[PDB]
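> what follows is a protein structure lacking sequence information:
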């Protein structure tokens, strides 16, 4: 959905109708091991910000960041205070890494009134808030343990729960109707995109679970991560429009995204909503990854190596 700036957020904050969620799940590699969200979240956050357990919400799943059910979700966001028509805002301490997964998640469940914070680092360099004015350079943060959250009433209740925005692994293996790539109208039927790096496609690069292959699945206009981001945030709307139309990326046909766990494939839904190349009700996303397309799929689908 929309995005906003950090400056308008200070104004938007002073009334507690804007329920803020933080989402900073780090990758489970040995580098960030010992760099948690929940342990860093309860030491520095924004006044009203809340955590969402993407590791506990979607507890029953092979791929750990799978989309949970509408009734292991509603009956926890009631425990977080949000209502059906409560606007919400998102921020990630990492730049643009793990945020939009939650935005896409809310979009699945008929929740409009959702926006994402462009630049975190500029919020860090604010002077302060109109509220808490006498405290300059504090008030932006809330360095205290999260206390008592009075639960929601009336409770969250999703009216719509539109699932067509997500596609099963069958829904992507069902390109078998035409399996000769762009020559078979994969470039005309379903404009796949992969948020994997250009090194992890157009050839072969080390996957995270480095026992299976890596490449560029059939008929997929590959747009990569830094191609829209610049050191803390997204590019201009015209910037993204040019980034796509300069390629063959154009919202003329069905369009689907891909990356590891889907945790960053939703970036290539957010940027699209920003530019407008498609439709909010169509620009779907495949939560399964190359991890699914290599571990639980055929052997001929993979793209070529060097």
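Received, thanks. Residues are numbered from 1 along each chain as shown.

> the protein: helices as residue ranges?
Assigned by DSSP state H, the helices in the chain fall at 6-13, 38-41, 54-57, 74-77, 100-108, 120-124, 169-173, 186-189, 237-245, 267-275, 290-295.

> how near is residue 108 to residue 98?
Plainly put, residue 108 is 17 Å away from residue 98 if you go by C-beta to C-beta, to the nearest Å. Every C-beta, even on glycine, is put in place using the N, C-alpha and C of the backbone.

> cool, and residue 5?
Distance from residue 5 to residue 98, by C-beta to C-beta: 20 Å.

> neighbour-wise, which of the two wins?
In this view residue 5 and residue 98 are compared by other C-beta atoms under 10 Å, and residue 98 has more residues nearby, 24 against 13.

> OK, contacts around that one?
Residue 98 is in contact with 23, 24, 25, 26, 92, 263, 264, counting by C-beta atoms under 8 Å, 6 or more residues apart in numbering.

> compute the number of surrounding residues for residue 132.
Residue 132 has 16 nearby residues by other C-beta under 10 Å.

> skipping its backbone neighbours, what lies nearest residue 82 in space?
residue 19 (4.6 Å; C-beta to C-beta, 6 or more residues apart in numbering).

> would you confirm that the one you found contacts residue 48?
Yes. With contact defined as C-beta atoms under 8 Å, residue 19 and residue 48 form a contacting pair (7.1 Å).

> related to what we said a few turns ago, turn the helices of the chain into TSV, columns for distance to residue 303 and mean neighbour count.
Listed next are the helices of the chain as TSV, based on distance: least, C-beta to C-beta, whole Å; neighbours: other C-beta atoms under 10 Å:
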stretch	distance to residue 303	mean neighbour count
helix 6-13	40	16
helix 38-41	38	13
helix 54-57	29	16
helix 74-77	39	18
helix 100-108	25	24
helix 120-124	35	15
helix 169-173	14	15
helix 186-189	12	16
helix 237-245	21	16
helix 267-275	18	23
helix 290-295	10	20
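
> against residue 145, how distant is residue 57?
Distance, residue 57 to residue 145, using C-beta to C-beta: 22 Å.

> how about the strands in the protein?
Listed in chain order, the strands of the chain (DSSP state E) span 2-4, 19-22, 50-51, 88-91, 114-117, 191-192, 255-256.

> which among the ones you listed is found nearest to residue 133?
strand 19-22 (20.0 Å; C-beta to C-beta).

> mind listing residues that contact that closest one?
Here strand 19-22 has contacts from 37, 41, 45-46, 48-52, 80-82, 86-93, 102, using C-beta under 8 Å, 6+ apart.
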